[PDB]
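J.: Have a look at this one.
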Amino acid sequence: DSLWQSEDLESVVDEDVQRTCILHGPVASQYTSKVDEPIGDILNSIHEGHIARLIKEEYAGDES
């Protein structure tokens, strides 16, 4: 049970994040550059980027 401390930091000694164990992906960590971003905003940005490139490539920029 070493995972909950990453969230419940007030219960850790001295509230030191360095004591806690935080699970993170070495490759996915590149794109983690913002804090407290909305989950909706993150997934909307990714989906909208996919859509904006798909309309450009497959449909030649024509939404009609």
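J.: Which of the listed residues, 43, 59, 2, is farthest toward the dipole's positive end in the chain, when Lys, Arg count +1 and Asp, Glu count -1 at the beta-carbon?
T.: 59
J.: Also: If you place +1 on the Cβ of every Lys and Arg, -1 on the Cβ of every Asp and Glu, and leave all else neutral, what size is the dipole of the chain about its Cα centre, to the nearest 20 Debye?
T.: 340
J.: Using only Cα atoms, figure out Rg for the chain and give it as a multiple of 2.2 N^0.38 Å.
T.: 1.77
J.: With r as the distance between the Cβ atoms of residue 48 and residue 17 and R0 = 25 Å, compute the FRET efficiency 1/(1 + (r/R0)^6) and round to 0.05.
T.: 0.15
J.: Let me ask you something else. At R0 = 30 Å, how high is the FRET efficiency between residue 37 and residue 8 if r is their beta carbon distance? Nearest 0.05 is fine.
T.: Efficiency, from the Cβ-Cβ distance: 0.90.
J.: Does anyone have the angle between helix 39-57 and the longest principal axis of the chain? Alpha-carbon axes, 0 to 90°, nearest 10?
T.: 30
J.: Whole-Hz Karplus ³J(HN,Hα) for region 22-30, in order, using 6.51 cos²θ - 1.76 cosθ + 1.60 and θ = phi - 60°, x for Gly and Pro?
T.: With coefficients 6.51, -1.76 and 1.60, one gets 10, 7, 7, x, x, 8, 5, 5, 5 Hz.
J.: Under the Karplus relation 6.51 cos²θ - 1.76 cosθ + 1.60, θ = phi - 60°, what is the ordered set of whole-Hz ³J(HN,Hα) values for region 6-16, x standing for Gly and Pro?
T.: 4, 8, 8, 7, 5, 7, 7, 5, 6, 6, 8
Every read-out reported here was derived from the displayed coordinates using simple, explicitly stated rules and does not represent laboratory data. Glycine gets a Cβ as well: all are built from the backbone with ideal geometry, and neighbour counts include every protein chain shown.
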